[PDB]
Each structure stands twice: as structure tokens, then as C-alpha cells.
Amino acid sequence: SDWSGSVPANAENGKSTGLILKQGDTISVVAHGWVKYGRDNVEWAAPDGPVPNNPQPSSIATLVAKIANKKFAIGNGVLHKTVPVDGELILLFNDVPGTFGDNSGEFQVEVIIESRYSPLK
């Protein structure tokens, strides 16, 4: 993969990948593992989000991509998706701001840059 690493659930600023994406690039992502978004026995989340026996608001406690401070859904993974903005790829466990203190665990994530933007001319 172009980047592989952990995404800690307690990282409020996310995990920086160092991948500098440009508008028009395409990427794929797969995310593995489990994290806690709280201390309770039920407050587990996959990258796709909280276990549905304790659901949270939309996009909360899911794996998202942050690019130029805009957030995009990733969850368990995405295949060959076009990047609409420039910026470094930050992978973020999208917990409510200020509530990362009771989080633990990390996802294992792989990112592939499938293509760099170049149009037909």
C-alpha cells in the first residue's frame, strides 16, 4: 500500500498520513479493527461506526477522511474514489469534539493512491 498505519480513537486531530492528495486523484482505503468511543461495555465502533445497539448521531464515531479541513466518509473502506480537494490525507475517528478522552484502541488502515490526476487532452 501507499500508506498503512494505525488510527487511534483518542486522537482528536486525527492521524496524518503524509499523502498529499490533489483534486482529481483517486484513492482506495480499507480499515480494520475495533475501538471504544466510551468506557461502557457497549460503546464499541468499527470503522463503519458504532455497533447499532448503541447508535450515535450521523457520522459520529466513524472513520472519516479529513482533507483541507473538509470531512469525507470512509468507514470500513472505499474503492477508487475521486478526491475533490487538495490537501494532506488525515484519517480521523470522528467522535464528538471534546469527548475523545474516554476513547481507546486503534484501527489498522491501508490507503492506496490509485491514480494521480491527469486528464485526457
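Numbers follow the displayed sequence, beginning with 1.
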{"item": "Mean Cα B-factor comparison, 13 to 21 or 105 to 113, giving the higher one as deposited", "value": "13 to 21"}
{"item": "Greater mean Cα temperature factor according to the PDB record, 51 to 59 or 73 to 81", "value": "51 to 59"}
{"item": "Criterion, highest CA B-factor; candidates, 42, 35, 27, 92", "value": "42"}
{"item": "Third of the chain's Cα B-factor distribution that residue 119 belongs to, per the entry", "value": "highest"}
{"item": "Where the record places residue 31 (Cα B-factor, split into thirds across the chain)", "value": "lowest"}
{"item": "Record-listed C-alpha B factor of residue 46: chain third", "value": "lowest"}
